[PDB]
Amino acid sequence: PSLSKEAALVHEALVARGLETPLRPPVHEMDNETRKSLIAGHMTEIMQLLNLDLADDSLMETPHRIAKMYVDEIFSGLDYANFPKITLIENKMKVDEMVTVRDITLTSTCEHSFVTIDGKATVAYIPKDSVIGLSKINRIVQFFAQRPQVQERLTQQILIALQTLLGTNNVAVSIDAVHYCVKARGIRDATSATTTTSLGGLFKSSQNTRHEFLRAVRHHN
């Protein structure tokens, strides 16, 4: 057992564009359970440097939980084994029409401060020879989202990934997000949100389809 076919095509398409998240070569595969205990040991050190009482039955289990978050939960997208099982249906229908999946739940983490990014993604495409399974779009968005991210990079990764799998450039990706390092810290902007949009094919070059997406982006319920 290794990786997957669709995971490989996406990975190589992204490396070819320099869109991979800053990752150094694996070298050796240390035990997953050892990684957690070492990170937990390092977080125990951090908390003691901040004058926190680890003798308390609540702050005691915290280093274990931060470690379990880093390795098995929030950064699961760095491992291509967690890549969704892509299912493409043959365009028997000759669908020359558009599909838009709006308000996709996007949960990420800013690579600059390891703080939460709450977002919504809108993906639209025009089927060429294949129609992707609906949930797979939500799963691709979430795969790249669960990584230490940069919103502009993230938007591109999702675009190129969908472009590769569908064999069409006619894909559009928009991510409307709130970065908590902007909101709950620093400038403390309680009302601002960032939208980063990547247009491809007809959504870019042709004037027509460019305005067909951009207007239908930003929806509430």
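Numbering starts at 1 and follows the sequence shown.
Stretch exceeding the other in mean C-alpha B-factor - 191-199, 157-165: Mean B over CA atoms: larger for 157-165.
Read off the CA B-factors in the entry, average them over 71-79 and over 133-141, and name the higher stretch. Between 133-141 and 71-79, it is 71-79 that shows the higher mean C-alpha B-factor.
From the list 52, 177, 172, 182, select the residue with the highest C-alpha B factor recorded in the entry. Answer for 52, 177, 172, 182: 52, with the highest C-alpha B-factor.
What third of the chain does residue 128 rank in for C-alpha temperature factor, lowest, middle or highest? Middle third - that is where residue 128 ends up once the chain's C-alpha B-factors are sorted.
State the tercile, meaning the lowest, middle or highest third, of residue 115 with respect to the CA B-factors recorded for its chain. Its C-alpha B-factor, which the entry lists for residue 115, ranks in the lowest third among residues of this chain.
Residue 104 - Cα temperature factor, lowest/middle/highest third of chain: For residue 104, whose C-alpha B-factor we compare with every modelled residue in the chain, the answer is the lowest third.
Chain third (lowest, middle, highest) by recorded CA B-factor, residue given as residue 98: Middle third of the chain for residue 98's C-alpha B-factor.
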